[PDB]
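Next comes input-v5.tsv, with TSV, C-alpha atoms and all ligand atoms.
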```
chain	number	residue	atom	x	y	z
A	1	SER	CA	0.00	0.00	0.00
A	2	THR	CA	0.90	3.68	-0.23
A	3	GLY	CA	-0.47	7.05	0.85
A	4	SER	CA	0.03	10.61	-0.41
A	5	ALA	CA	-1.24	13.75	1.29
A	6	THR	CA	-0.70	17.43	0.70
A	7	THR	CA	0.77	19.47	3.55
A	8	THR	CA	0.01	23.20	3.73
A	9	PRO	CA	1.70	26.04	5.64
A	10	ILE	CA	-0.52	27.41	8.43
A	11	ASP	CA	0.43	31.03	7.76
A	12	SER	CA	2.50	33.34	5.56
A	13	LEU	CA	5.74	32.56	7.45
A	14	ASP	CA	5.54	28.76	7.11
A	15	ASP	CA	5.44	28.60	10.93
A	16	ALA	CA	4.17	25.01	10.65
A	17	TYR	CA	2.46	22.69	8.20
A	18	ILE	CA	-0.89	20.92	8.45
A	19	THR	CA	-2.00	17.75	6.72
A	20	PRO	CA	-5.57	16.44	6.63
A	21	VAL	CA	-6.10	13.14	8.46
A	22	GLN	CA	-9.27	11.02	8.50
A	23	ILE	CA	-10.16	9.55	11.90
A	24	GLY	CA	-13.06	7.25	12.71
A	25	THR	CA	-16.20	6.03	10.99
A	26	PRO	CA	-17.69	8.01	9.36
A	27	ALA	CA	-14.49	9.94	8.78
A	28	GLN	CA	-13.74	12.99	10.89
A	29	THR	CA	-11.12	15.05	9.10
A	30	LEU	CA	-8.67	16.93	11.32
A	31	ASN	CA	-5.69	18.98	10.21
A	32	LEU	CA	-2.66	17.59	12.01
A	33	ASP	CA	0.94	18.76	12.37
A	34	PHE	CA	3.11	15.88	11.19
A	35	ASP	CA	6.02	15.82	13.59
A	36	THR	CA	9.14	13.71	13.00
A	37	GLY	CA	10.37	14.96	16.39
A	38	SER	CA	7.72	13.20	18.50
A	39	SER	CA	5.76	9.96	18.60
A	40	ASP	CA	2.22	10.70	19.81
A	41	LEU	CA	-0.83	11.12	17.59
A	42	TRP	CA	-3.02	13.43	19.68
A	43	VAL	CA	-6.06	15.50	18.82
A	44	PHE	CA	-8.31	18.20	20.11
A	45	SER	CA	-11.50	16.41	21.05
A	46	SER	CA	-14.92	16.47	22.63
A	47	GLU	CA	-13.04	15.78	25.88
A	48	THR	CA	-10.80	18.86	25.67
A	49	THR	CA	-11.46	21.43	28.40
A	50	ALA	CA	-13.89	23.83	26.71
A	51	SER	CA	-11.98	27.02	27.56
A	52	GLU	CA	-8.87	25.55	25.90
A	53	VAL	CA	-10.55	25.08	22.52
A	54	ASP	CA	-10.60	28.16	20.27
A	55	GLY	CA	-11.48	27.37	16.66
A	56	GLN	CA	-9.94	23.90	16.29
A	57	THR	CA	-11.82	21.01	14.73
A	58	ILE	CA	-12.38	18.31	17.34
A	59	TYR	CA	-12.50	14.54	17.24
A	60	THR	CA	-15.64	13.15	18.88
A	61	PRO	CA	-15.09	9.45	19.59
A	62	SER	CA	-18.73	8.87	20.57
A	63	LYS	CA	-19.69	9.65	16.94
A	64	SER	CA	-17.27	7.03	15.56
A	65	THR	CA	-18.54	3.47	15.25
A	66	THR	CA	-14.97	2.15	15.18
A	67	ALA	CA	-13.70	4.08	18.25
A	68	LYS	CA	-12.87	2.06	21.34
A	69	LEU	CA	-11.61	3.43	24.66
A	70	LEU	CA	-8.18	2.03	25.43
A	71	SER	CA	-9.04	1.26	29.01
A	72	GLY	CA	-6.75	2.74	31.63
A	73	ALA	CA	-4.41	4.40	29.16
A	74	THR	CA	-3.30	8.00	29.65
A	75	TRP	CA	-0.76	10.24	27.96
A	76	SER	CA	1.10	13.42	28.77
A	77	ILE	CA	3.69	15.18	26.66
A	78	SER	CA	5.92	18.23	27.05
A	79	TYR	CA	7.66	19.68	24.01
A	80	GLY	CA	10.92	21.57	23.61
A	81	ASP	CA	9.12	24.88	23.05
A	82	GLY	CA	7.49	24.70	26.48
A	83	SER	CA	4.09	23.55	25.23
A	84	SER	CA	2.24	20.49	26.50
A	85	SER	CA	-0.92	18.40	26.33
A	86	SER	CA	-2.42	15.33	28.02
A	87	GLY	CA	-5.47	13.11	28.11
A	88	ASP	CA	-6.76	9.58	27.54
A	89	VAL	CA	-6.67	7.21	24.56
A	90	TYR	CA	-8.93	5.58	21.99
A	91	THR	CA	-8.12	3.21	19.19
A	92	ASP	CA	-9.75	4.02	15.86
A	93	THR	CA	-9.24	3.86	12.10
A	94	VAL	CA	-6.88	6.51	10.81
A	95	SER	CA	-6.21	7.29	7.16
A	96	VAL	CA	-3.63	9.60	5.60
A	97	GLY	CA	-3.76	10.25	1.89
A	98	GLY	CA	-5.49	6.94	1.17
A	99	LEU	CA	-3.36	4.82	3.52
A	100	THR	CA	-5.40	3.26	6.31
A	101	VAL	CA	-4.38	1.91	9.71
A	102	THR	CA	-6.95	0.14	11.86
A	103	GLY	CA	-6.50	0.13	15.64
A	104	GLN	CA	-4.34	3.26	15.69
A	105	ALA	CA	-3.90	4.88	19.10
A	106	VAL	CA	-5.62	8.27	18.92
A	107	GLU	CA	-4.70	10.25	22.00
A	108	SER	CA	-7.60	12.47	23.04
A	109	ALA	CA	-6.61	15.74	24.72
A	110	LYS	CA	-8.27	16.65	27.99
A	111	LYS	CA	-5.80	19.52	28.50
A	112	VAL	CA	-3.65	21.56	26.15
A	113	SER	CA	-1.30	24.44	26.90
A	114	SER	CA	-1.98	27.99	25.81
A	115	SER	CA	0.02	27.97	22.58
A	116	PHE	CA	-2.08	25.07	21.27
A	117	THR	CA	-5.32	26.84	22.19
A	118	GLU	CA	-4.09	30.03	20.55
A	119	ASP	CA	-3.35	28.31	17.23
A	120	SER	CA	-6.74	27.68	15.63
A	121	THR	CA	-5.21	26.02	12.57
A	122	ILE	CA	-3.65	22.97	14.25
A	123	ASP	CA	-6.12	20.28	15.38
A	124	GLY	CA	-3.41	18.02	16.83
A	125	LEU	CA	-0.11	16.30	16.09
A	126	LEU	CA	0.83	13.13	14.26
A	127	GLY	CA	4.16	11.89	15.54
A	128	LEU	CA	6.62	10.25	13.15
A	129	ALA	CA	9.67	9.76	15.36
A	130	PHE	CA	10.38	6.29	16.81
A	131	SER	CA	7.70	4.64	18.90
A	132	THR	CA	10.09	4.37	21.86
A	133	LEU	CA	9.22	8.05	22.58
A	134	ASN	CA	5.47	7.45	22.71
A	135	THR	CA	4.07	8.71	26.04
A	136	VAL	CA	1.06	6.43	26.50
A	137	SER	CA	1.04	4.69	29.88
A	138	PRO	CA	0.97	1.94	31.04
A	139	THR	CA	1.12	0.39	27.55
A	140	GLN	CA	3.25	2.34	25.09
A	141	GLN	CA	1.65	2.74	21.65
A	142	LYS	CA	2.98	2.70	18.10
A	143	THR	CA	3.10	5.61	15.66
A	144	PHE	CA	0.98	5.66	12.51
A	145	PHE	CA	4.11	4.92	10.46
A	146	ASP	CA	5.13	2.00	12.69
A	147	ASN	CA	1.64	0.50	12.37
A	148	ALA	CA	1.52	0.99	8.58
A	149	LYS	CA	5.08	-0.10	7.86
A	150	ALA	CA	4.62	-3.79	7.16
A	151	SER	CA	1.80	-3.03	4.70
A	152	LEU	CA	3.70	-0.37	2.77
A	153	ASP	CA	5.26	-1.13	-0.61
A	154	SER	CA	8.55	0.12	0.89
A	155	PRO	CA	9.09	0.93	4.61
A	156	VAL	CA	9.58	4.66	4.06
A	157	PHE	CA	7.91	8.04	4.19
A	158	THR	CA	9.05	11.24	2.55
A	159	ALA	CA	8.72	14.91	3.46
A	160	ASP	CA	8.60	17.48	0.67
A	161	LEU	CA	7.79	20.75	2.41
A	162	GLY	CA	7.15	23.89	0.38
A	163	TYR	CA	8.45	27.42	0.79
A	164	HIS	CA	5.35	29.61	0.95
A	165	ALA	CA	3.52	26.82	-0.82
A	166	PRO	CA	1.95	23.41	-0.25
A	167	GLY	CA	4.04	20.25	-0.31
A	168	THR	CA	3.63	16.52	0.16
A	169	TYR	CA	4.00	13.67	2.63
A	170	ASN	CA	4.21	10.27	0.90
A	171	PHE	CA	4.08	6.88	2.60
A	172	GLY	CA	5.45	3.71	1.09
A	173	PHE	CA	7.14	5.03	-2.05
A	174	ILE	CA	9.72	7.50	-3.33
A	175	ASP	CA	8.39	9.88	-6.00
A	176	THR	CA	11.34	10.08	-8.38
A	177	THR	CA	9.76	13.12	-10.10
A	178	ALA	CA	9.81	15.17	-6.87
A	179	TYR	CA	13.56	15.87	-6.68
A	180	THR	CA	16.56	16.72	-8.84
A	181	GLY	CA	19.78	14.74	-9.03
A	182	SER	CA	20.26	11.82	-6.67
A	183	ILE	CA	19.25	11.13	-3.08
A	184	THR	CA	22.17	10.95	-0.66
A	185	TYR	CA	21.59	8.62	2.25
A	186	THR	CA	23.18	9.03	5.64
A	187	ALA	CA	23.27	7.01	8.86
A	188	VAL	CA	20.71	7.41	11.63
A	189	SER	CA	21.00	6.79	15.36
A	190	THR	CA	17.72	5.83	16.99
A	191	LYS	CA	19.23	5.82	20.50
A	192	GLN	CA	17.35	8.96	21.59
A	193	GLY	CA	14.19	8.04	19.64
A	194	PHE	CA	14.78	10.66	16.92
A	195	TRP	CA	15.81	10.71	13.28
A	196	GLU	CA	19.30	11.67	14.43
A	197	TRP	CA	22.09	12.04	11.90
A	198	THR	CA	25.39	13.86	11.39
A	199	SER	CA	25.79	16.63	8.86
A	200	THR	CA	29.24	16.90	7.31
A	201	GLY	CA	29.46	20.69	7.53
A	202	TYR	CA	28.24	24.03	6.29
A	203	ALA	CA	28.80	27.14	4.21
A	204	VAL	CA	27.48	30.68	4.49
A	205	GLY	CA	26.43	32.33	1.24
A	206	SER	CA	29.13	31.90	-1.42
A	207	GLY	CA	31.74	31.17	1.25
A	208	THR	CA	33.97	28.13	1.50
A	209	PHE	CA	32.52	24.93	2.91
A	210	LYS	CA	33.62	24.10	6.45
A	211	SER	CA	34.00	20.37	7.03
A	212	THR	CA	32.74	19.65	10.51
A	213	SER	CA	30.47	17.01	12.04
A	214	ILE	CA	27.15	18.38	13.29
A	215	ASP	CA	24.92	15.86	15.04
A	216	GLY	CA	21.25	16.77	14.92
A	217	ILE	CA	17.71	15.62	14.28
A	218	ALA	CA	15.46	15.91	11.25
A	219	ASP	CA	12.37	17.46	12.82
A	220	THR	CA	9.41	18.54	10.71
A	221	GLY	CA	7.67	19.79	13.88
A	222	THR	CA	10.28	22.46	14.63
A	223	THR	CA	10.03	25.57	12.47
A	224	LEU	CA	13.59	26.87	12.56
A	225	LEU	CA	17.14	25.60	12.07
A	226	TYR	CA	18.94	25.32	15.42
A	227	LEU	CA	22.71	24.86	15.21
A	228	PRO	CA	25.79	25.35	17.40
A	229	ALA	CA	26.51	28.93	18.46
A	230	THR	CA	29.75	28.99	16.47
A	231	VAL	CA	27.95	28.16	13.21
A	232	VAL	CA	25.09	30.54	13.89
A	233	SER	CA	27.46	33.41	14.71
A	234	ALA	CA	29.34	32.80	11.47
A	235	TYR	CA	26.07	33.05	9.54
A	236	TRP	CA	24.73	36.24	11.14
A	237	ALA	CA	28.14	37.95	10.97
A	238	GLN	CA	27.47	38.18	7.21
A	239	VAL	CA	24.33	40.26	7.72
A	240	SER	CA	24.89	43.95	8.50
A	241	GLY	CA	23.20	44.96	11.71
A	242	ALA	CA	22.28	41.43	12.80
A	243	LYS	CA	22.62	40.66	16.49
A	244	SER	CA	21.48	38.28	19.18
A	245	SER	CA	18.80	39.86	21.33
A	246	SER	CA	18.17	38.41	24.76
A	247	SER	CA	14.93	40.40	25.00
A	248	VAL	CA	13.54	39.00	21.75
A	249	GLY	CA	15.01	35.52	22.29
A	250	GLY	CA	17.44	35.07	19.43
A	251	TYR	CA	19.08	36.61	16.42
A	252	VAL	CA	17.33	39.51	14.77
A	253	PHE	CA	18.34	41.45	11.70
A	254	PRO	CA	17.28	44.59	9.83
A	255	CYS	CA	14.21	43.88	7.73
A	256	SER	CA	15.97	45.83	4.96
A	257	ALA	CA	18.64	43.10	4.64
A	258	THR	CA	19.16	40.64	1.86
A	259	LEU	CA	19.99	37.36	3.61
A	260	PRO	CA	22.74	35.02	2.39
A	261	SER	CA	22.01	31.37	1.72
A	262	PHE	CA	23.11	28.61	4.10
A	263	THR	CA	24.45	25.28	2.88
A	264	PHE	CA	24.55	22.08	4.91
A	265	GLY	CA	26.38	18.86	4.09
A	266	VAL	CA	24.87	15.42	3.70
A	267	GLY	CA	27.81	13.14	3.12
A	268	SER	CA	29.58	14.55	0.06
A	269	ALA	CA	26.34	16.24	-1.08
A	270	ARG	CA	25.14	19.77	-0.31
A	271	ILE	CA	21.71	21.21	0.41
A	272	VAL	CA	21.34	24.95	-0.15
A	273	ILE	CA	18.84	26.93	1.90
A	274	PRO	CA	18.05	30.19	0.06
A	275	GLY	CA	18.37	33.37	2.10
A	276	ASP	CA	14.63	34.11	1.82
A	277	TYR	CA	13.86	30.88	3.73
A	278	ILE	CA	15.70	32.34	6.74
A	279	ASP	CA	13.45	35.45	7.03
A	280	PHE	CA	10.73	35.10	9.69
A	281	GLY	CA	9.55	38.66	9.44
A	282	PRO	CA	9.03	41.52	11.89
A	283	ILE	CA	9.45	40.66	15.56
A	284	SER	CA	6.18	42.51	16.17
A	285	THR	CA	3.71	44.05	13.77
A	286	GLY	CA	5.23	47.06	12.00
A	287	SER	CA	8.73	46.56	13.40
A	288	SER	CA	11.78	46.99	11.17
A	289	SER	CA	13.59	44.30	13.20
A	290	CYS	CA	13.10	40.85	11.68
A	291	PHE	CA	13.52	37.45	13.31
A	292	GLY	CA	16.09	35.01	11.97
A	293	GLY	CA	15.37	31.46	10.83
A	294	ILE	CA	18.75	30.15	11.95
A	295	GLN	CA	19.16	30.22	15.73
A	296	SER	CA	21.51	28.82	18.35
A	297	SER	CA	20.81	25.39	19.79
A	298	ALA	CA	22.74	26.28	22.95
A	299	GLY	CA	20.43	25.51	25.86
A	300	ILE	CA	18.24	23.17	23.81
A	301	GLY	CA	20.72	20.32	24.17
A	302	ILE	CA	20.42	19.11	20.59
A	303	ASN	CA	20.83	20.56	17.09
A	304	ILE	CA	17.60	20.60	15.10
A	305	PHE	CA	17.22	20.52	11.34
A	306	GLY	CA	13.72	21.95	11.40
A	307	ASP	CA	11.50	23.15	8.59
A	308	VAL	CA	13.87	25.92	7.44
A	309	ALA	CA	16.39	23.19	6.51
A	310	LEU	CA	14.04	20.38	5.52
A	311	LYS	CA	11.95	22.46	3.12
A	312	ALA	CA	15.07	23.06	1.00
A	313	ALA	CA	15.20	19.29	0.36
A	314	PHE	CA	13.29	16.18	-0.59
A	315	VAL	CA	13.76	14.08	2.55
A	316	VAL	CA	13.44	10.30	2.83
A	317	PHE	CA	12.75	8.81	6.25
A	318	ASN	CA	13.80	5.22	5.63
A	319	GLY	CA	12.30	2.92	8.26
A	320	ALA	CA	14.03	-0.26	7.13
A	321	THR	CA	15.46	-2.56	9.80
A	322	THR	CA	18.45	-0.22	9.96
A	323	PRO	CA	16.92	3.23	9.47
A	324	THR	CA	18.60	5.91	7.37
A	325	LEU	CA	17.81	9.42	6.10
A	326	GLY	CA	18.04	10.55	2.49
A	327	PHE	CA	18.31	14.11	1.17
A	328	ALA	CA	17.99	15.39	-2.37
A	329	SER	CA	17.85	18.86	-3.84
A	330	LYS	CA	14.59	19.80	-5.56
B	1	LIG	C1	8.57	23.18	18.40
B	1	LIG	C2	9.63	24.07	18.34
B	1	LIG	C3	10.78	23.80	19.05
B	1	LIG	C4	10.87	22.64	19.83
B	1	LIG	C5	9.80	21.76	19.89
B	1	LIG	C6	8.64	22.03	19.17
B	1	LIG	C7	7.49	21.05	19.22
B	1	LIG	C8	6.10	21.60	19.54
B	1	LIG	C9	5.17	20.57	18.98
B	1	LIG	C10	5.86	20.05	17.71
B	1	LIG	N1	7.31	20.43	17.87
B	1	LIG	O1	11.99	22.32	20.55
B	1	LIG	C11	12.94	23.40	20.66
B	1	LIG	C12	13.07	24.15	19.40
B	1	LIG	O2	11.82	24.69	18.96
B	2	LIG	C1	8.63	34.97	14.07
B	2	LIG	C2	8.95	36.19	14.64
B	2	LIG	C3	9.38	36.23	15.96
B	2	LIG	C4	9.47	35.05	16.70
B	2	LIG	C5	9.14	33.84	16.13
B	2	LIG	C6	8.72	33.79	14.80
B	2	LIG	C7	8.42	32.46	14.15
B	2	LIG	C8	9.56	31.44	14.16
B	2	LIG	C9	8.89	30.09	14.30
B	2	LIG	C10	7.54	30.32	14.93
B	2	LIG	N1	7.34	31.81	14.97
B	2	LIG	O1	9.89	35.05	18.01
B	2	LIG	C11	10.57	36.24	18.41
B	2	LIG	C12	9.86	37.46	17.91
B	2	LIG	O2	9.72	37.45	16.48
```
Let's see the structure in the file written out as structure tokens.
Amino acid sequence: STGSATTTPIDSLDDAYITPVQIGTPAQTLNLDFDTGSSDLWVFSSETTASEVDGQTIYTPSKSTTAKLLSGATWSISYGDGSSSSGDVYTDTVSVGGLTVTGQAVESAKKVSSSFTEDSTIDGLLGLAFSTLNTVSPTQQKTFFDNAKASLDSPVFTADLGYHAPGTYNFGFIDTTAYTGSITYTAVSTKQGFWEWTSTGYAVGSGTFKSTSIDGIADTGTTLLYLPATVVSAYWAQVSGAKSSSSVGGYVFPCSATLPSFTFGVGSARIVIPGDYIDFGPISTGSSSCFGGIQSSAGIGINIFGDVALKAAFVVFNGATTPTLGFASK
């Protein structure tokens, strides 16, 4: 089997991407944030504290003939941006782009933190990291990908995120028309539950490539590119007037700037992030100070190849017995 679904930026800055997902019988379609940095499929629901719902579409298990309470199971998750959610669990039929899993754990939110409430466009998350990170207790549950894997034509999914445009998540096949050149594959460590790999280095604009190992994760659920302070300083030093602002919470730059590109290494291959991808716009409405899309990972404890990096590439998440990651230009 295979599946193919379009993923769409939630706003004009590509702050996140949402993908329609069918849950239950008859189908209830929710727009979920596909997140290769976590492993819980959770949704706003009829059980979510009413004051914490503001415009989201909710899953109502009582209206699904295939929903079953997973008795005794609870979940609770805290993310690296300080947000969180928790609740109980149902199993139900879940379909993405024509690919169906029966008996998928659908984690129903009873509580969500303020940033979830405040984002009306995201109805929940669909985790695509390794199932070892799943938070359901006392019986850990499998991700949608893990459940689908054996049925897929090939045990893979691909992320093809757009810049200011829709893109695609495919399950079970590699669309050879969706990228240029060849796909370069690189080793993955699953020891922390993430799609963790080692970049071979970087360049800033038209500068020389610096060969250096940068361990990090491929995370579709993080918006920005978080790298070591040395690398980030070298980037922003090429932008007149750029500086790190403790009050704003990262590097800012004059909105009048033209940003240089940023290249990262994948083995002997190179992925180029255009300068425009690194512009996240005014820090507040009407400000001439703009927020940067490359930020320091110092304090976070891990480097993160988030959407800013991934959207410059066609990315293969290879879930074979020994997982790997593939990157191609596009
Ligand atoms: C977003 C942004 C982050 C982050 C974690 C996240 C979570 C929120 C839900 C999906 N991803 O960790 C620190 C870097 O920024
Ligand atoms: C834009 C502008 C900002 C900002 C964050 C953003 C984007 C980056 C990813 C999600 N929101 O924080 C600091 C103020 O300006």
- Item | Minimum-distance residue to ligand LIG 1 (chain B), chosen among A:300, A:150, A:259, A:313 (using all atoms listed in the file) |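 Between A:300, A:150, A:259, A:313, the residue approaching ligand LIG 1 (chain B) most closely is A:300.
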Ligand LIG 1 (chain B) neighbours within 10 Å using all atoms listed in the file, as a PDB file with C-alpha atoms, keeping the file's coordinate frame:
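See out26.pdb below for the written result:
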```
ATOM      1  CA  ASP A  15       5.440  28.600  10.930  1.00  0.00           C
ATOM      2  CA  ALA A  16       4.170  25.010  10.650  1.00  0.00           C
ATOM      3  CA  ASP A  33       0.940  18.760  12.370  1.00  0.00           C
ATOM      4  CA  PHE A  34       3.110  15.880  11.190  1.00  0.00           C
ATOM      5  CA  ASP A  35       6.020  15.820  13.590  1.00  0.00           C
ATOM      6  CA  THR A  36       9.140  13.710  13.000  1.00  0.00           C
ATOM      7  CA  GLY A  37      10.370  14.960  16.390  1.00  0.00           C
ATOM      8  CA  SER A  38       7.720  13.200  18.500  1.00  0.00           C
ATOM      9  CA  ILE A  77       3.690  15.180  26.660  1.00  0.00           C
ATOM     10  CA  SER A  78       5.920  18.230  27.050  1.00  0.00           C
ATOM     11  CA  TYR A  79       7.660  19.680  24.010  1.00  0.00           C
ATOM     12  CA  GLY A  80      10.920  21.570  23.610  1.00  0.00           C
ATOM     13  CA  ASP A  81       9.120  24.880  23.050  1.00  0.00           C
ATOM     14  CA  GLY A  82       7.490  24.700  26.480  1.00  0.00           C
ATOM     15  CA  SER A  83       4.090  23.550  25.230  1.00  0.00           C
ATOM     16  CA  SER A  84       2.240  20.490  26.500  1.00  0.00           C
ATOM     17  CA  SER A  85      -0.920  18.400  26.330  1.00  0.00           C
ATOM     18  CA  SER A 115       0.020  27.970  22.580  1.00  0.00           C
ATOM     19  CA  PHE A 116      -2.080  25.070  21.270  1.00  0.00           C
ATOM     20  CA  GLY A 124      -3.410  18.020  16.830  1.00  0.00           C
ATOM     21  CA  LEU A 125      -0.110  16.300  16.090  1.00  0.00           C
ATOM     22  CA  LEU A 126       0.830  13.130  14.260  1.00  0.00           C
ATOM     23  CA  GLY A 127       4.160  11.890  15.540  1.00  0.00           C
ATOM     24  CA  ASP A 219      12.370  17.460  12.820  1.00  0.00           C
ATOM     25  CA  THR A 220       9.410  18.540  10.710  1.00  0.00           C
ATOM     26  CA  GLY A 221       7.670  19.790  13.880  1.00  0.00           C
ATOM     27  CA  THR A 222      10.280  22.460  14.630  1.00  0.00           C
ATOM     28  CA  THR A 223      10.030  25.570  12.470  1.00  0.00           C
ATOM     29  CA  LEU A 224      13.590  26.870  12.560  1.00  0.00           C
ATOM     30  CA  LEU A 225      17.140  25.600  12.070  1.00  0.00           C
ATOM     31  CA  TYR A 226      18.940  25.320  15.420  1.00  0.00           C
ATOM     32  CA  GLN A 295      19.160  30.220  15.730  1.00  0.00           C
ATOM     33  CA  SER A 296      21.510  28.820  18.350  1.00  0.00           C
ATOM     34  CA  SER A 297      20.810  25.390  19.790  1.00  0.00           C
ATOM     35  CA  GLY A 299      20.430  25.510  25.860  1.00  0.00           C
ATOM     36  CA  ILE A 300      18.240  23.170  23.810  1.00  0.00           C
ATOM     37  CA  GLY A 301      20.720  20.320  24.170  1.00  0.00           C
ATOM     38  CA  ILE A 302      20.420  19.110  20.590  1.00  0.00           C
ATOM     39  CA  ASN A 303      20.830  20.560  17.090  1.00  0.00           C
ATOM     40  CA  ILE A 304      17.600  20.600  15.100  1.00  0.00           C
ATOM     41  CA  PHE A 305      17.220  20.520  11.340  1.00  0.00           C
ATOM     42  CA  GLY A 306      13.720  21.950  11.400  1.00  0.00           C
ATOM     43  CA  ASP A 307      11.500  23.150   8.590  1.00  0.00           C
TER      44      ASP A 307
END
```
- Message: As a quick test: using only C-alpha atoms and all ligand atoms, which residues lie no more than 8 Å away from ligand LIG 2 (chain B)? Give them as a VMD selection string.
- Response: chain A and resid 13 15 to 16 222 to 224 248 to 250 280 to 284 290 to 293
- Message: If we count all atoms listed in the file and set the cut-off at 8 Å, which residues sit around residue 108 (chain A), ignoring sequence neighbours fewer than 5 positions away in its own chain? Please answer as a list in words.
- Response: residues 42, 43, 44, 45, 47, 48, 59, 86, 87, 88, 89 and 90 of chain A
- Could you check how far CA of residue 192 (chain A) sits from CA of residue 214 (chain A), in Å to one decimal?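 These two atoms are separated by 15.9 Å.
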- Message: To one decimal place in Å, what is the distance between CA of residue 310 (chain A) and CA of residue 136 (chain A)?
- Response: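 Distance between the two atoms: 28.3 Å.
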- Message: Ranking A:257, A:161, A:227, A:326 by minimum distance to residue 298 (chain A) and counting all atoms listed in the file, which one comes first?
- Response: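 The shortest atom-to-atom distance to residue 298 (chain A) comes from A:227.
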Close residues, residue 123 (chain A) itself excluded, 6 Å, all atoms listed in the file, min 6 positions apart in chain, as a CSV table (one decimal) with C-alpha atoms, keeping the file's coordinate frame:
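File produced: selection_12.csv:
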```csv
chain,number,residue,atom,x,y,z
A,30,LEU,CA,-8.7,16.9,11.3
A,31,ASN,CA,-5.7,19.0,10.2
A,32,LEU,CA,-2.7,17.6,12.0
A,43,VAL,CA,-6.1,15.5,18.8
A,44,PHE,CA,-8.3,18.2,20.1
A,56,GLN,CA,-9.9,23.9,16.3
A,57,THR,CA,-11.8,21.0,14.7
```
- Query: Which polymer residues, protein or nucleic acid, are no farther than 8 Å from (1.7, 23.9, 7.8), counting only C-alpha atoms, as a VMD selection string?
  - Reply: chain A and resid 7 to 11 14 to 19 33
- Which of these residues is nearest to residue 69 (chain A), using only C-alpha atoms: A:175, A:54, A:40, A:107?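 Among A:175, A:54, A:40, A:107, it is A:107 that comes nearest to residue 69 (chain A).
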- Counting all atoms listed in the file, figure out which residue out of A:49, A:213, A:100, A:25 gets nearest to residue 201 (chain A).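 Of A:49, A:213, A:100, A:25, the one nearest residue 201 (chain A), counting all atoms listed in the file, is A:213.
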Expected file content for region 120-143 of chain A, C-alpha atoms, as an mmCIF file, in the first residue's frame:
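So the final result, stored in part13.cif, reads:
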```
data_model
loop_
_atom_site.group_PDB
_atom_site.id
_atom_site.type_symbol
_atom_site.label_atom_id
_atom_site.label_comp_id
_atom_site.auth_asym_id
_atom_site.auth_seq_id
_atom_site.Cartn_x
_atom_site.Cartn_y
_atom_site.Cartn_z
ATOM 1 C CA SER A 120 -6.743 27.680 15.627
ATOM 2 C CA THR A 121 -5.206 26.016 12.568
ATOM 3 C CA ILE A 122 -3.650 22.967 14.249
ATOM 4 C CA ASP A 123 -6.121 20.280 15.380
ATOM 5 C CA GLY A 124 -3.412 18.021 16.828
ATOM 6 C CA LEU A 125 -0.108 16.297 16.094
ATOM 7 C CA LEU A 126 0.830 13.130 14.255
ATOM 8 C CA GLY A 127 4.165 11.892 15.543
ATOM 9 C CA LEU A 128 6.622 10.250 13.145
ATOM 10 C CA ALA A 129 9.668 9.761 15.363
ATOM 11 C CA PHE A 130 10.376 6.291 16.805
ATOM 12 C CA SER A 131 7.700 4.638 18.898
ATOM 13 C CA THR A 132 10.086 4.372 21.861
ATOM 14 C CA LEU A 133 9.220 8.049 22.580
ATOM 15 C CA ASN A 134 5.468 7.450 22.708
ATOM 16 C CA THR A 135 4.071 8.711 26.038
ATOM 17 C CA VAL A 136 1.060 6.432 26.503
ATOM 18 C CA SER A 137 1.044 4.688 29.878
ATOM 19 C CA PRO A 138 0.970 1.937 31.039
ATOM 20 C CA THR A 139 1.118 0.394 27.549
ATOM 21 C CA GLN A 140 3.246 2.338 25.087
ATOM 22 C CA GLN A 141 1.650 2.737 21.654
ATOM 23 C CA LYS A 142 2.976 2.698 18.101
ATOM 24 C CA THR A 143 3.102 5.605 15.659
#
```
